[PDB]
Amino acid sequence: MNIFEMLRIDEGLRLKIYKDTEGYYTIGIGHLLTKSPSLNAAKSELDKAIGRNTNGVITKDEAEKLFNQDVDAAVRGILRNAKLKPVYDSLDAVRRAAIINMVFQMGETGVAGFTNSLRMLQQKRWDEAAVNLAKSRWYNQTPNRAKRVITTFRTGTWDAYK
Ligand SMILES: [Cl-]
Ligand SMILES: [Cl-]
């Protein structure tokens with residue numbers, strides 16, 4: 001298992017514009033298009049992102065391409081972030097995947113906002129961090145996915161995904 005297969009399980013794959021759990025226009029593997037309510041604003045962003053007139057539909061290859069950019073940007077954002085970098089640096093490879101997953105879903109700002117949990121992860125207090133991570137809107141809104149990520153942090157194995 002690796003970051004790519006992990007996120008592909010959590011986000012799924014859709015070739016036509018859809019609405020995410022929050023109601024925002026998305027496509028492919030969890031690629032947010034816009035928070036705007038306009039389907040037209042969404043198609044416009046889509047065509048801008050792909051470099052062609054898509055009419056709201058893309059191919060598997062195009063979806064995978066957006067996905068490769070997004071994971072890359074996720075990793076680079078963590079490494080540039082003064083709050084995240086130290087945490088990331090301190091973790092083992094499995095747990096690094098867990099924080100990349102959070103960033104991909106909620107953005108760097110969001111994760112950087114989990115101050116207490118980040119401090120607990122850095123100190124390697126696994127059980128305590130898992131408990132604090134669960135007291136969040138994130139956990140309440142997408143409990144099945146949050147549980148998987150949390151278990152990954154608690155155990156340091158890919159069990160939740162097997
Ligand atoms: Cl883009
Ligand atoms: Cl969920």
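Residues numbered from 1 in each chain as written, not as in the entry; some residues may be left out. Chains lettered and ligands numbered in written order. Heavy atoms only, no water.

Focus on the side chain of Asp70
Here is step 1: Along the chain, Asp70 turns up in helix α3 (residues 60-80).
Here is step 2: A polar contact of 2.7 Å, which involves the side chain of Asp70, links it to the side chain of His31.
Here is step 3: Once residues within four sequence positions are removed from consideration, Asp70 is found in contact with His31 and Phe104. (Helix = DSSP H or I, 4+ residues; strand = E, 2+ residues; numbered from the N terminus. Polar contact = N/O pair within 3.5 Å; in protein donor to acceptor, adjacent residues only side chain to side chain. Contact = heavy atoms within 4.5 Å.)

Considering unusual backbone geometry
Here is step 1: Here the phi dihedral of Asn55 falls at roughly 55°; this positive angle occurs in a residue that is not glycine.
Here is step 2: By secondary structure assignment, the location of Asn55 is in the loop between α2 (39-50) and α3.
Here is step 3: For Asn55, a relative accessible area of 58% translates into the label exposed.
Here is step 4: Its identity as a non-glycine residue notwithstanding, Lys124 has a phi of 65°, on the positive side.
Here is step 5: By the element assignment, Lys124 lies in the loop between α6 (115-122) and α7 (126-134). (Buried < 20%, exposed > 50% of the residue type's maximum accessible area, 1.4 Å probe, protein only.)

Remarks on the sheet that holds strand β3 (residues 31-34)
Adjacent strands of a sheet pair through backbone hydrogen bonds, lying either parallel or antiparallel.
Here is step 1: Read from one edge of the open sheet, three strands run β1-β2-β3, paired in antiparallel fashion. Of all the strands in the sheet, just β1 (14-19) and β3 have a single pairing partner and so form its edges. Pairs of neighbouring strands in the sheet enclose a mean axial angle of 25°, with direction left out of account.
Here is step 2: In this sheet, β3 lies alongside strand β2 (residues 25-28) in antiparallel orientation, the contact comprising three bridges. Looking at the pairing, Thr26 lines up with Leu32 of β3.
Here is step 3: Contacting β1, β2 and β3, α2 runs over the sheet at an angle of about 125° to β3. (Pairing = 2+ DSSP bridges. Axes fitted to C-alpha atoms, helices over the stretch in contact; angles between N-to-C directions.)

Focus: the nonpolar core
Here is step 1: The biggest cluster of nonpolar side chains holds 37 residues, and the ones touching the most others in it are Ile99, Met102, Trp138 and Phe153.
Here is step 2: Contributing elements (two or more residues each) for this core: α1 (3-11), α3, α4 (84-90), α5 (93-112), α6, α7 and α9 (143-155).
Here is step 3: It is α5 that contributes the most residues to this core, ten residues altogether.
Here is step 4: If near-sequence neighbours (up to four positions away) are discounted, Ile99 is found in contact with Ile78, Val87, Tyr88, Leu91, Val111, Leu118 and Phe153.
Here is step 5: Of all hydrophobic cores here, the second largest spans nine residues; its members include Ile17, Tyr25, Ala42 and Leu46. (Core = buried A, V, L, I, M, F, W, Y, C linked by side-chain atoms within 4.5 Å.)

Observations regarding the UniProt feature "binding site: substrate" in the protein chain
Here is step 1: The sites that UniProt annotates as "binding site: substrate" are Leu32, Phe104, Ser117 and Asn132. Taken together, the annotated residues stretch across 101 residues and extend over separate regions, lying up to 27.1 Å apart by C-alpha.
Here is step 2: Position of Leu32 relative to the elements: it lies in strand β3.
Here is step 3: Owing to a relative accessible area of 35%, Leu32 belongs among the partly exposed residues under this scheme.
Here is step 4: When residues no more than four places from it in sequence are discounted, the contact partners of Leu32 are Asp20, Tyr24, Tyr25 and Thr26.
Here is step 5: By the secondary structure assignment, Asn132 is in helix α7.
Here is step 6: With near-sequence residues (within four places) excluded, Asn132 lies in contact with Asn116, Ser117 and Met120. (UniProt positions renumbered as here; feature names shortened; annotations may be inferred.)

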